[PDB]
């Protein structure tokens, strides 16, 4: 019995805090780009909306195994999403975080494009970027027409569940909504809880007299991979927070 669980709570909370400057700046530039571009009318590869015939599904699990049904619940929801796609006549391919979950899907003859080590307690931006580059290589080659992901996330102050979200194509409406929601983790009892707050962006808008070294469309295009990696890493930090919650739960049940 040790209080060092709070240490990994605090180290996670540190990385989540450390991600905020990136998202604040992304937001600031997006806001100023909006005054030169109509995002809905922007035609750029990461925004392409093709008729969807094939989907990539990113499945996020952990490899450390004592977290109740954390992994089991993710795996079941992904199986169910894939059954839905198959019922609709859509093709799919899996990108799996977590080697044991990769084996579960391998033994059942699912198509698997790539496998990575289980979700690490404090997910790396290089971890996120390796996955992201692989999802880009599926999406931009038009091997798939949509990329979804399945990961566990706090949905109430106390509870988490698998969620199914869309990563690619990027959503213009997401590009116009700034990084508003920031979430702080905190151990209260012997259980773990998340609070989420809206924050007004601390920093100003960009000067009117600011020079654009390239056409606004080209600057937006250089930003879109950063937005993607920000979205993926945030989902991975949510998944890690949920896994810490599940693993503390598992401890205290024993």
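Numbering follows the first chain given and starts at 1.
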remark   = Between 234 to 242 and 9 to 17, the record assigns the higher mean Cα B factor to 9 to 17
task = Between 186 to 194 and 49 to 57, name whichever shows the higher mean Cα B factor according to the PDB entry.
result = 186 to 194
message = According to the Cα B-factor stored in this entry, which of the following is highest: 203, 223, 27, 217?
response = 203
message = Lowest, middle or highest third: which one holds residue 120 when the chain's residues are ordered by CA B-factor from the entry?
response = highest
task = Would you check the entry's CA temperature factor for residue 179 and let me know if it's in the chain's lowest, middle or highest third?
result = highest
task = Sorting the chain's modelled residues by C-alpha B-factor, tell me whether residue 87 ends up in the lowest, middle or highest third.
result = middle
Third of the chain, ranked by Cα B-factor, where residue 44 sits = middle
